[PDB]
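Novice: After the structure tokens below, expect a handful of questions from me.
What follows draws every value from the coordinates through simple rules; no lab data is involved. FYI the Cβ positions are ideal-geometry reconstructions off the backbone, even for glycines, and counts take in every protein chain you see.
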Amino acid sequence: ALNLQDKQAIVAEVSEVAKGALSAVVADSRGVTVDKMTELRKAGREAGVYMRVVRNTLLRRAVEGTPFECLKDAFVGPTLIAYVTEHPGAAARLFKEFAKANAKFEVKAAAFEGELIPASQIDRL
Amino acid sequence: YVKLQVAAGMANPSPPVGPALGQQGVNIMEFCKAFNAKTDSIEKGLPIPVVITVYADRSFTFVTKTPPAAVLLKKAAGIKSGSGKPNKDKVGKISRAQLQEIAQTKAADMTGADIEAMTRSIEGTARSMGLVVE
Amino acid sequence: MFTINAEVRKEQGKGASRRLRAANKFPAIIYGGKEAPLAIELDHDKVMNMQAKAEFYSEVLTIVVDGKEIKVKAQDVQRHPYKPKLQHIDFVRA
Amino acid sequence: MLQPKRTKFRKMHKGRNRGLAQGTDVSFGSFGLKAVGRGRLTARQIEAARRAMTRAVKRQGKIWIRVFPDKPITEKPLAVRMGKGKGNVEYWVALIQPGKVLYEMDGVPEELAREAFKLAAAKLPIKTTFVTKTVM
Amino acid sequence: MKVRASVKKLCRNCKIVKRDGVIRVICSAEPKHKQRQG
RNA sequence: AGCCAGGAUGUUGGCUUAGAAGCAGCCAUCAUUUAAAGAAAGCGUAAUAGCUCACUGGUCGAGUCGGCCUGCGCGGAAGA
Ligand SMILES: [Mg+2]
Ligand SMILES: [Mg+2]
Ligand SMILES: [Mg+2]
Ligand SMILES: [Mg+2]
Ligand SMILES: [Mg+2]
Ligand SMILES: [Zn+2]
């Protein structure tokens, strides 16, 4: 398991790619094999995107590091984060075609401009 | 949805192929001759993994993969048999140009980010059969 | 830096010591240097957890007796024959 | 099997086994089997236990046996009256008092040693414990 | 039902349960593993 | 602790064997994507498939894990 020092290092890692990423979408990752998700790590590394599955009370303290503070209620339920550090968008298009093609999970509520974009309206990004 | 490793220009023996892919509802000779006509380009004496994708209507589509890191470092180290005791005994040498060639073949087959990732995984199948990287 | 707490012993010998050990303390001694040797008692548990670390043997400790710190080093230890316990300890003033 | 090559005397007084042990400490290996109970070990028993812990380590590391069966023991056969002389020497024993260290070992992990001395202990008549070497 | 003075857990699935002042070993996996002390 | 999800790639690692494909045996036991996934802990196949385990994310919501020293008990304990 993870030491307190580990979790500290990881709040620092996700906070450091947080302050540096333009668009961040939070989704449900559940019901998916490591095959299809290694495929969203290939289409994630190819789209300039940072793909992570991180603890929710760890993402509360990593998101408290601004301006993602409106996502703390999308942290109840399984949580995977796509940070596009290079480009905005290219996460919210890829997660909806991944979620429509696999017919699994959600892609629930995202973050851009310092704001939360709801499930139906991330069609902006 | 069965996976095989079958010699390059060869198919239809009873113990290796017929039972293992044919008890799943799949044509034996259609697969045999379409796989020996697709893999007639693979070098002689290389088993090539073929992933047989079988459907509820018994007609299939197969993805022929590239010859294994094990078998491609068997042919590129010049060897026949890898080490029966790996990294204890060293049976041949594959230069890093052949690790990047076998990991461009396996770049067609892998999960690697960069040719560094795939050449380090074929580095691992180079140390797993005892073959030195030189 | 390990800190041991101790009182001077008012009696001596087999009886005093066996009583002391029944009561879950044990006797020790501090000698060396210029002064006269000092007979003290210790709380068994405390010192058994302190000597649980090898540092205890190679380091200068501080023994507080009557509010007074003497700086010592571990010199020698008698242990009970089969039990995990401490029979007695020599400290040399360091 | 252990037994003195040659002795000054052939037979010996019964003796009493009293007091505590000398050599209660681990002078060689990292680990030890200490004797908590009190009694004689026959040579045969020493043999068995040694063979067990040797089995356990898969013939790794190194073992010492810190007890030797020097005292001769005597027995009269069946259907024999009293007196008529001292009995013949059947076997050897070592007299063990609580605190002694019979077996030492090193060149092996802690866990493995705990298990080895356990399996060796099963073949011994005296209640025994596991000790670790201490600095000083 | 092996019946003896020494009873253990002979796999991960074994369970030590005392019924009526008797120590027992109940297994999910293995009927050979059922043990009663006595 | 229990419930939901995953437990992948090179790969069927080499050797060997009619077959060894994590899972007869011998040896290496690396690296990738990774939240996590051992060249796999047990069951399984002719060899495969398959069922779980190690490990992780979700849910839950406050204690919990196993050693030590001891006090008194339990089994061990069948006869005219
Ligand atoms: Mg007296
Ligand atoms: Mg003596
Ligand atoms: Mg839990
Ligand atoms: Mg009784
Ligand atoms: Mg009866
Ligand atoms: Zn069982």
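Novice: Could you pull out the residue among B:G22, B:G84 that is more than 8 Å from RNA strand F (Cβ to nearest atom) and surrounded by fewer than 17 Cβ atoms within 10 Å (Cβ to Cβ)?
Specialist: One residue alone meets the criteria, B:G22.
Novice: How about region A:1-104: which strands (runs of 3 or more DSSP E) wholly inside it have at least 1 residues that are surrounded by 13 or more Cβ atoms within 10 Å (Cβ to Cβ), more than 14 Å from chain B (Cβ to nearest Cβ) and without any contact (Cβ under 8 Å) to a residue 40 or more places away in the chain?
Specialist: Strands (runs of 3 or more DSSP E) meeting the threshold: A:49-53.
Novice: Now for a different question. Within region C:73-85, take every residue that is farther than 17 Å from C:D43 by Cα and under 13 Å from the mean Cα position of the chain (by Cα) and give me the one that is farthest from the other protein chains (Cβ to nearest Cβ).
Specialist: Out of the qualifying residues, it is C:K73.
Novice: Restricting attention to region C:12-60, which residues are within 14 Å of another protein chain (Cβ to nearest Cβ), in contact with a helix residue (DSSP H, G or I) (Cβ under 8 Å, 6 or more places away or on another chain) and touching a residue at least 40 places away in the same chain (Cβ under 8 Å)?
Specialist: Those that are within 14 Å of another protein chain (Cβ to nearest Cβ), in contact with a helix residue (DSSP H, G or I) (Cβ under 8 Å, 6 or more places away or on another chain) and touching a residue at least 40 places away in the same chain (Cβ under 8 Å): C:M50, C:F56.
Novice: When residues of region B:99-120 are filtered for being within 8 Å of RNA strand F (Cβ to nearest atom), touching a helix residue (DSSP H, G or I) at 6+ places or on another chain (Cβ under 7 Å) and within 14 Å of chain A (Cβ to nearest Cβ), how many remain?
Specialist: Going through region B:99-120 one residue at a time, the tally reaches 5.
Novice: Considering only region A:63-88, state which residues are over 12 Å from the mean Cα position of the chain (by Cα) and among the small types (G, A, S).
Specialist: Residues satisfying the conditions are A:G65, A:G77.
Novice: Here's something else I'd like to know. Hey, can you tell me all the residues within region B:68-79 that are in a loop (DSSP other than H, G, I, E, B) and near RNA strand F (Cβ under 7 Å from one of its atoms)?
Specialist: Answer for region B:68-79, where residues must be in a loop (DSSP other than H, G, I, E, B) and near RNA strand F (Cβ under 7 Å from one of its atoms): just B:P68.
Novice: Sticking with this one: What's the number of the condition D:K11 fails, among (1) away from every other protein chain (no Cβ under 14 Å); (2) surrounded by 14 or more Cβ atoms within 10 Å (Cβ to Cβ)?
Specialist: Going through (1) away from every other protein chain (no Cβ under 14 Å); (2) surrounded by 14 or more Cβ atoms within 10 Å (Cβ to Cβ) one by one, D:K11 breaks only (2).
Novice: Could you count how many residues in region D:96-120 are of a type in the set (G, A, S) and within 14 Å of chain C (Cβ to nearest Cβ)?
Specialist: Adding up the residues that qualify gives 1.
Novice: A further question on this structure: Report yes if C:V77 is in a strand (DSSP E or B), away from RNA strand F (no atom under 16 Å from the Cβ) and touching a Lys or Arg at 6+ places or on another chain (Cβ under 7 Å), otherwise no.
Specialist: Against the criterion (in a strand (DSSP E or B), away from RNA strand F (no atom under 16 Å from the Cβ) and touching a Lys or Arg at 6+ places or on another chain (Cβ under 7 Å)), C:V77 does not qualify.
Novice: Which pairs do you get when a residue that is closer than 14 Å to E:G38 by Cα and near ligand 6 (Cβ under 8 Å from one of its atoms), found in region E:5-27, comes within reach of a residue that is not in a strand (DSSP E or B) and not acidic (D, E), reach meaning Cβ atoms under 8 angstrom, with the pair 6+ apart or on two chains?
Specialist: Listed pairs, sorted by first residue: E:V25/E:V7; E:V25/E:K8; E:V25/E:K9; E:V25/E:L10; E:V25/E:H33; E:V25/E:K34.
Novice: Something else: Report, by residue number, each residue of region D:18-50 that is within 14 Å of chain C (Cβ to nearest Cβ), out of contact with any strand residue (DSSP E or B) (no Cβ under 6 Å at 6 or more places or on another chain) and basic (K, R).
Specialist: Hits for region D:18-50 are D:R18, D:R38.
Novice: A further question on this structure: Scan region B:34-45 and give yes if some residue there is touching a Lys or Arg at 6+ places or on another chain (Cβ under 8 Å), part of a helix (DSSP H, G or I) and surrounded by 13 or more Cβ atoms within 10 Å (Cβ to Cβ), otherwise no.
Specialist: No: region B:34-45 contains no residue that is touching a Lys or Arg at 6+ places or on another chain (Cβ under 8 Å), part of a helix (DSSP H, G or I) and surrounded by 13 or more Cβ atoms within 10 Å (Cβ to Cβ).
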